[PDB]
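Taking it in order: structure first as structure tokens, then the write-up.
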Protein chains: 4
Amino acid sequence: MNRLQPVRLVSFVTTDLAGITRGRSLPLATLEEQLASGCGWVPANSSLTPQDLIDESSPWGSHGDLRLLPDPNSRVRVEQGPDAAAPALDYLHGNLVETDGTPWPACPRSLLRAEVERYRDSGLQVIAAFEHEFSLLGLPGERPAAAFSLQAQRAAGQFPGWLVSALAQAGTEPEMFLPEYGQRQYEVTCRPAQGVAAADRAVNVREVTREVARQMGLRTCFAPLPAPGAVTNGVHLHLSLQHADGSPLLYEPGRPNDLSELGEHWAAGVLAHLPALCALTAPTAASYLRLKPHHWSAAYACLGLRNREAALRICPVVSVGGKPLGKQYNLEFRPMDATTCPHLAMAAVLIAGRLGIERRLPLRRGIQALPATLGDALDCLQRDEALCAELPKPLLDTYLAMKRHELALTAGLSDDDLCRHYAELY
Amino acid sequence: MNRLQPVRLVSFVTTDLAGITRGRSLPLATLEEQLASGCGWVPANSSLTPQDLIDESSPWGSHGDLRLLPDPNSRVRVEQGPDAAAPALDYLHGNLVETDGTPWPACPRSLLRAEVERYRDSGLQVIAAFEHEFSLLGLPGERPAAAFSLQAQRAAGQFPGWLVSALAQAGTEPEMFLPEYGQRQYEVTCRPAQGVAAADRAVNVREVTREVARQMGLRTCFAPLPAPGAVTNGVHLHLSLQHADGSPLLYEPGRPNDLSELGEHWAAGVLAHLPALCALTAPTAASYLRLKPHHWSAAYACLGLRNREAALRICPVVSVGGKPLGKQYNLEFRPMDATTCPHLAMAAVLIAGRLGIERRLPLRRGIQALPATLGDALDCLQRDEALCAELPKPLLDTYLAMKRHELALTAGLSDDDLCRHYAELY
Amino acid sequence: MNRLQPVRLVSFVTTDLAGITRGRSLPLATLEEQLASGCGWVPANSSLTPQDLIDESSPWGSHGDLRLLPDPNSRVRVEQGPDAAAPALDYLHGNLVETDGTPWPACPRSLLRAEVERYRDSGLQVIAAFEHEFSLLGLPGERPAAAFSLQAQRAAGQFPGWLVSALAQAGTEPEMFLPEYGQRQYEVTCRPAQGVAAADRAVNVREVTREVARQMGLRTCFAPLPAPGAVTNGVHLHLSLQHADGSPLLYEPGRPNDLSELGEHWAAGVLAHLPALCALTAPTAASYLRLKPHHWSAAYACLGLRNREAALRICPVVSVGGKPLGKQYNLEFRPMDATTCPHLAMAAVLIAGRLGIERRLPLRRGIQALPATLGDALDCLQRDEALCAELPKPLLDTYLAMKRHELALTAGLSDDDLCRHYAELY
Amino acid sequence: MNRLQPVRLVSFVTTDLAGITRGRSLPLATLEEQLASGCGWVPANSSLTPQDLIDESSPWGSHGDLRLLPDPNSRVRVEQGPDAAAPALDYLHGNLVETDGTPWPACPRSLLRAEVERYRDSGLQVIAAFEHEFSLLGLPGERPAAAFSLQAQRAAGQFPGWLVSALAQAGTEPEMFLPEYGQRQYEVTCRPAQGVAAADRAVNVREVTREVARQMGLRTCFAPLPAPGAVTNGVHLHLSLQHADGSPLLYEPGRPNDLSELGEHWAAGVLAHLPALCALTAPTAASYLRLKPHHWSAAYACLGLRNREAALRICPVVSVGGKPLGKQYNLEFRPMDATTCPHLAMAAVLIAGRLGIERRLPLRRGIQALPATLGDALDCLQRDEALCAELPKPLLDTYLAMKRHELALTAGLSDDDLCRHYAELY
Ligand SMILES: N[C@@H](CCC(=O)O)C(=O)O
Ligand SMILES: N[C@@H](CCC(=O)O)C(=O)O
Ligand SMILES: N[C@@H](CCC(=O)O)C(=O)O
Ligand SMILES: N[C@@H](CCC(=O)O)C(=O)O
Ligand SMILES: [Ca+2]
Ligand SMILES: [Ca+2]
Ligand SMILES: [Ca+2]
Ligand SMILES: [Ca+2]
Ligand SMILES: [Mg+2]
Ligand SMILES: [Mg+2]
Ligand SMILES: [Mg+2]
Ligand SMILES: [Mg+2]
């Protein structure tokens, strides 16, 4: 009489400290009833390593279970993708809380929201955009064409058109799609967002790219190193800081670089803490094949107007034809990859920046090397009590333990095996 | 309710010194906002060799990044090709400029536009057409049929019909399609265009042929030598010179050949500089398997009414039935292949011609051999200070360095490997 | 909005001395403009051997290039074939001329048209039909069925129905289709045509049979010997001669055979020159596996009412039921195959016939063996100054050189290899 | 605008002495013009053996060629078969004649028509039906099911339904379809026909069964022995003889068997000549694997009311429920297979019967063994001057020579090879 429909499922998700987005789903009809209670969640999930193992070193064994509470404003709805028979993608980001309503200290979305608050309190809005690079696997046709080339964009067939449309439907404001330097490498960028929404966007961009690829029988890889001796997949975070008003507070013509005193304090905090921030913005064992790629590199916490050997780069304005200038002025953090948790990573950066501003840190030998393995990066984080102290203590323990465990699971493992290993997790 | 559409992406492209067309794309809805700023671009991309490597010998490391500024008049729109599910091909050629509006010296489109200007200033319009030969791979059916044969055109199935239509839609004015001498070789020719548009056409003809082949599951090859011991793929440039008026200034009946004094000066400049022009019109290592094909050849800078052993050939008029005569009179430069950058190549030729005219060079032993390897061809370019001096100096450095590097990357490599190597890049 | 169409291409063709039809194509919209100028063509193409090689022994290197001038009356239009997605077949036969309008002496269509003229001048119309045999490869189903059998016609599926229809659309007047003696052998015959149109038909019948087979994923072979120890593929030319009026001038009841005095002169010229005509009507190296098939054969220039061991056969009238008689009276030349150029072959025959009539040659030991290899056949042609003299001298040189070269390319080569070799060219 | 149609071809056929049906076809539009002249045919085709070879022992080399003159009353039209895309089957049986109208003595249809005449002259109509058995190869599904079984009829899928319909459309009057004793064996029977039409039916039944199988991707085999150690494929001819009126003249109740004096004379002639008739009703080398199947058999010319070890069997009437009786009374000849020429075979039988009647031969040791090889069967035919004398002499020579030649081609060849050999020809 009528050909029946599959039920539309809605997911509640969280993106854990392992940079994985996880959740549970319910029939659409139930969404309203479900919104206030969210869905159950188990605290020990926050001790899962990329390899899906929990240690006994977790603080969370036994301990009473949590609620994953969807925030109604973060809803993503992609009604149609490449495959006309495929279910909508429908889900909401949530915060983790104890059963009474009590904000759970090891929740990475919550931490970022508290830090944005601390930002608001002293009059700063946070405006950010994550740029994402990935490998597109499975495409038909010839060997990959030249880097950056029209042919490489063409080889992708209907994928870029469907990707941008899926990201538009998902409310990401897609804006640029391009083939990048490596073989099968592409990049999609979106319009900036304020606060938490900016990290939600980073998650949405990843989860939707994955879903479009799935719908076409393709695969993506966001691992920092897609395969041995490949061009690496970065994530770059552009941050501007604005008076509760739209007035750009990072930027001041005629002061050199066009950087504010405020600006310089902010950048200085990020710089002084970078070797720690690496544990949180290049947080996996595979991250260090990207950060220290060739024999000795070392890689430093310095600044650039000029070059992209700099960990933090000033993105100067474009005058050219109309504009306007300064709204587009921002600072780009570069030692970041997609194995991160967008919320934890952005939170970590805005923190050290805050600490820069709070102690009116001056902008400078006054320059550290970034660590060279995850181990070294966790050493650094442990040594930076100023930064650690801004992190809710249970997060730090569960993070610090979970990562030791991640590196336990990976040790002895060749550089190559490790890269192949992670190219299967991101 | 409605089956959604993939977003239409518009690309901004540049064709680099490596003869590769590269760019970035945006959603159609944004095109208007995007036109004034263009899109970002990195100067160091102009040091990429055909093998996609940059040396430390580049002038562009560190240095501040550029804008790729689409010229609205060069837009290509192919709405439909062989595959009804395929995205339109939509893109615009752009010039590279520094962030304030400042014409970037290493931009090959810009250089050609400045040279056309220098042409206009002294009263000459430049009218040109590039003829393109290519291999069509993947066709079903028997062994390839006879050279030039109806059967060989038929074997191509729906490809020639879809090719001409795609080129028509792209505003190239396709005019001739034919099977050529080698197995799977075809040639498409188009109507001449004035100035920059003539080089844009050369790029458009290549990029669209590639896209039609892609849409049918076929492949093209434009490399100078498609495979070992194959008939070679040439590019021939027909140039006529006209008073700002349509009055042909190359041609004068009864003066022998029907060549003008002007004409002879022009041809003489091209001839005297040919061994240098080779570095810019046969600019890849694989180019010399085509220019000096058999054991000793050597190949010379001479002229022909008569034969195609001549590097520069007068294409006499066709009277026959109606006509008219002289508008169709032109000169064809022959040591050119598709590994070039249409704009750089045409610019280089019109330059030496200009120098011919400026020094009223007479038309003649007064005859040089064309070089025999890329190395020799770059030696020659370095030795021809008259020509070098017309090139913006940063272009020359970045070109000269990038090509050494290209030949570094290829050395020791057998003639055959080199040909197979390049048959994968063009 | 509208699903676009592939452009319809029109070809201009010539059938060269190698019996290959070659040309170039243009968009339909341009046909009118293009008709007066035709398209470019290179004289040296007339020195290509079946194996697609030109020697230095060609008269045409250097020499200025030609026009291929479509004759509007020879247009072939097949709008639809077996594959509904396939392009029309659209092309016109052309004559080759120098750039001013000047009939090029090495053009085989032109030579035949001049000979028909010489025929008209003395009051004779030439009426001819070529019968064609070929192999049809790729058919599904069992081993081939019995020679001449209903099952063999049935095995061909939709091919004969589509073949006749394609030939009807092409204006060939198809009339008979039949399975022949060899495995996968078929024959199609058409209604006779006058003069040049008769040779155009021979070309059209070949090119369309090929196109129908292509459209069905089948292949044809017209080589004199399709594969080792196979039944051979002949071409038979039926010629009648008529007063500028329809009055048959070959035929006279009661004179024996019903042959005219005129008739006997004509046949006598053909007979006296046959060993030369073989170089032009069995003109390839593979032709002699057909003409002298078994150990000693030798094969002679004699006549038959009676049998098909005769090189020239009188095809007597059919009374039976109605008729009428004499209009259908003709003479069939038999040592002919599809590796010929229909125009060159028919021209050559009508010539020797003319010479028969001009010298009132009587009809007779007065009997020669036909040569046994191409070499011997070219010896014979060189020795027959009477015939050579009617050929435009440049044709003869370019032909005579091109064929030496063909036999150079083939020598040492086994009988079998040679047959397999040619089964790939026709 | 309109999707064009393939041309409908009409064939003119003859069934040669080798039991193969051969012909040539023309476009439907031409059928009317073509009917009076028929189509050309070559006398030497009547010397082709089953293996498609002609000897020098043929009487027909040189000799002037013939007309195949379609008899308009024998037309077969099957407009639709299993494959909706397949051409109609359209053809007419013809008689062979010399070019003036003169009945050709070696034509098997003509001979049978002359014998039916000789029958009419003395007041007898000839009423006959051929029963045909065949193998159906290629069927999907399990091993073949039990002999005679519903499952075996079912395994044939849509074939029996399409076979009967095709035979109905062809005007054969199909009446029975059944699985038979051997694996993949089927039998179709039709209503009797008078005279020549009865043999045309036998040909039509074979050619259409073949065409239906072709349309479904199946194959048939009618060879006397389909494969080594298989149940054999017979052909049985039922003959009744009637006053020019419908009055059955074979049958007389109360005279024993219900056989007429006339009847007994007729049967007696068939019996006395059977060892010769075998050369014409079991006429191939493979026929003797069927006639003498096991070690010694020998097989005799005797009669049966009773059993099917008899070469000639009385088919008694069925009373049962209504009837009527005697119209259905007939005699069945059994040593016959599908390698015959229906017309030659039926002609041969009616002859010896005639000779029985003419010499009022009595019905009886008075009993011969049937030969055991083709050789012996041809010996017998040569020895029976009474029978030979009724055959047009040129038929006999061409037959007798063609078959020696057939057995030359097959000698040394194992029983099995021979069976496999012929299973490919019928
Ligand atoms: N793929 C580089 C970024 C290159 C670029 O986009 O400039 C990275 O790992 O960060
Ligand atoms: N394929 C030749 C051109 C031959 C021609 O079109 O005349 C080349 O490399 O330039
Ligand atoms: N296939 C034969 C012709 C046979 C025929 O049609 O009589 C030949 O080479 O000419
Ligand atoms: N297949 C048997 C006939 C069996 C029957 O139908 O009785 C034959 O060769 O005649
Ligand atoms: Ca490539
Ligand atoms: Ca995975
Ligand atoms: Ca071929
Ligand atoms: Ca067969
Ligand atoms: Mg990037
Ligand atoms: Mg060319
Ligand atoms: Mg024939
Ligand atoms: Mg039976």
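In the structure tokens, the first chain shown is A, the next is B, and so on; residue numbers restart at 1 for each chain, and ligands run from 1 in the order shown.
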Site check for ligand 9: residues at most 9 Å away, only C-alpha atoms and all ligand atoms, as a PyMOL selection string
chain A and resi 131-133+178+180-181+186-188+233-236
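Restricting the atom set to only C-alpha atoms and all ligand atoms, one finds that the residues within 7 Å of ligand 6 amount to residues 424, 425 and 426 of chain A.
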Expected file: the selected residues, N, CA, C and O atoms, as a CSV table (one decimal), in the first residue's frame:
chain,number,residue,atom,x,y,z
A,424,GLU,N,45.0,4.2,10.3
A,424,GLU,CA,43.8,3.4,10.4
A,424,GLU,C,42.8,3.9,11.5
A,424,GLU,O,41.7,3.4,11.6
A,425,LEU,N,43.3,4.9,12.3
A,425,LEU,CA,42.4,5.4,13.4
A,425,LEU,C,41.9,6.8,13.2
A,425,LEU,O,41.1,7.3,14.0
A,426,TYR,N,42.4,7.5,12.2
A,426,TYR,CA,42.1,8.9,11.9
A,426,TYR,C,42.3,9.1,10.4
A,426,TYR,O,41.5,9.9,9.8
Which chain A residues are at most 8 Å from chain B (counting only C-alpha atoms), as a count of residues only?
38
Strand (DSSP E or B) positions in range 175-365 of chain C, given as number ranges by chain:
C: 175-179, 185-190, 193-194, 219-221, 235-243, 248, 251, 259, 300, 303-304, 312-315, 330-336
DSSP says alpha helix (DSSP H) for which residues of range 160-384 of chain D? Put them as a ChimeraX atom specification?
/D:160-169,196-216,261-281,288-291,342-358,374-383
I want to know what sits within 7 Å of range 238-241 of chain A, based on only C-alpha atoms, with residues of the same chain fewer than 6 positions away left out; could you give that as a PyMOL selection string?
chain A and resi 124-130+248-250+329-333
Give me a file of those residues, with C-alpha atoms, as an mmCIF file, in the first residue's frame.
data_model
loop_
_atom_site.group_PDB
_atom_site.id
_atom_site.type_symbol
_atom_site.label_atom_id
_atom_site.label_comp_id
_atom_site.auth_asym_id
_atom_site.auth_seq_id
_atom_site.Cartn_x
_atom_site.Cartn_y
_atom_site.Cartn_z
ATOM 1 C CA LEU A 124 36.929 38.945 24.941
ATOM 2 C CA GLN A 125 34.908 36.922 22.369
ATOM 3 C CA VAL A 126 36.826 34.019 20.814
ATOM 4 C CA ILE A 127 36.610 33.654 17.081
ATOM 5 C CA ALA A 128 38.212 30.651 15.473
ATOM 6 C CA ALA A 129 38.354 28.414 12.435
ATOM 7 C CA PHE A 130 40.086 25.019 12.013
ATOM 8 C CA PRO A 248 39.278 43.407 16.668
ATOM 9 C CA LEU A 249 41.592 43.591 19.671
ATOM 10 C CA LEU A 250 44.493 41.643 18.246
ATOM 11 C CA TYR A 329 43.431 39.738 11.011
ATOM 12 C CA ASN A 330 44.211 36.691 13.022
ATOM 13 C CA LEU A 331 46.856 34.334 14.330
ATOM 14 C CA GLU A 332 47.380 30.847 13.076
ATOM 15 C CA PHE A 333 48.697 28.028 15.396
#
Tell me, as a compact mmCIF listing (two decimals) with N, CA, C and O atoms, in the first residue's frame, which residues lie within 10 Å of residue 227 in chain B, counting only C-alpha atoms; anything in the same chain fewer than 3 positions away does not count.
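Dumped everything to selection-v1.txt:
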# COMPACT_ATOMS: atom_id res chain seq x y z
N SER B 135 47.57 11.80 -27.21
CA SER B 135 47.29 10.38 -27.26
C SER B 135 46.01 10.23 -26.54
O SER B 135 45.84 10.86 -25.48
N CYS B 221 47.32 11.74 -23.20
CA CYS B 221 48.70 12.08 -22.96
C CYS B 221 49.11 13.14 -23.95
O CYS B 221 48.95 12.91 -25.18
N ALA B 223 52.36 14.48 -23.48
CA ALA B 223 53.84 14.55 -23.32
C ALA B 223 54.45 14.63 -24.71
O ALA B 223 53.88 14.06 -25.66
N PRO B 224 55.60 15.33 -24.84
CA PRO B 224 56.21 15.36 -26.17
C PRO B 224 56.39 13.95 -26.76
O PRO B 224 56.13 13.78 -27.95
N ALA B 230 57.37 6.14 -30.27
CA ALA B 230 56.09 6.57 -30.74
C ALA B 230 56.32 7.83 -31.54
O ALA B 230 57.29 8.54 -31.31
N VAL B 231 55.42 8.10 -32.48
CA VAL B 231 55.24 9.46 -33.01
C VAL B 231 55.03 10.47 -31.87
O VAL B 231 54.31 10.20 -30.90
N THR B 232 55.69 11.61 -32.00
CA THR B 232 55.79 12.62 -30.97
C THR B 232 54.54 13.54 -31.04
O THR B 232 53.90 13.63 -32.08
N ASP B 416 64.25 6.10 -22.38
CA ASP B 416 62.95 5.45 -22.24
C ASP B 416 62.23 5.75 -20.91
O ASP B 416 61.15 6.33 -20.93
N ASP B 417 62.83 5.40 -19.78
CA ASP B 417 62.34 5.80 -18.44
C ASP B 417 61.88 7.27 -18.33
O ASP B 417 60.89 7.60 -17.70
N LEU B 418 62.62 8.15 -18.99
CA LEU B 418 62.38 9.56 -18.97
C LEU B 418 61.09 9.86 -19.71
O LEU B 418 60.30 10.69 -19.30
N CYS B 419 60.90 9.16 -20.82
CA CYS B 419 59.72 9.30 -21.63
C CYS B 419 58.51 8.71 -20.92
O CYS B 419 57.43 9.32 -20.87
N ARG B 420 58.71 7.57 -20.30
CA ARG B 420 57.64 6.97 -19.56
C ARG B 420 57.37 7.85 -18.38
O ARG B 420 56.22 7.98 -17.91
N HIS B 421 58.44 8.44 -17.87
CA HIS B 421 58.29 9.23 -16.67
C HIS B 421 57.37 10.34 -17.05
O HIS B 421 56.36 10.48 -16.40
N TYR B 422 57.66 11.08 -18.14
CA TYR B 422 56.89 12.31 -18.46
C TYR B 422 55.46 12.06 -19.03
O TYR B 422 54.53 12.84 -18.78
N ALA B 423 55.33 10.97 -19.78
CA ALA B 423 54.05 10.48 -20.23
C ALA B 423 53.08 10.32 -19.06
O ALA B 423 51.90 10.11 -19.28
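The spacing separating CA of residue 57 in chain A from CA of residue 282 in chain A amounts to 22.4 Å.
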Shell around residue 284 in chain C at 10 Å using only C-alpha atoms, local window under 5 positions removed, as a PyMOL selection string:
chain C and resi 18-19+49-50+223-224+278-279+289+337-340+373-375+377+403+406-407+422
Distance query range 105-108 of chain C at most 6 Å, only C-alpha atoms, self and fewer than 2 positions along chain excluded, as an MDAnalysis selection string:
chainID C and resid 96 110:111 343:344 392 394:395
Include C-alpha atoms and write out the residues we just selected as a tab-separated table (two decimals), in the first residue's frame.
chain	number	residue	atom	x	y	z
C	96	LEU	CA	43.36	16.56	-53.96
C	110	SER	CA	40.86	12.63	-60.08
C	111	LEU	CA	42.68	10.10	-62.37
C	343	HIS	CA	39.29	4.54	-57.99
C	344	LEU	CA	42.79	3.53	-58.89
C	392	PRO	CA	49.98	10.71	-64.71
C	394	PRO	CA	53.91	11.48	-60.54
C	395	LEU	CA	51.30	8.86	-59.52
State, in Å with one decimal place, the distance from CA of residue 251 in chain B to CA of residue 328 in chain B.
9.7 Å
Which of these residues is nearest to residue 262 in chain B, using only C-alpha atoms: B:346, B:401, B:213, B:357?
B:357
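CA of residue 159 in chain C to CA of residue 83 in chain D spans 14.9 Å [interatomic distance, one decimal].
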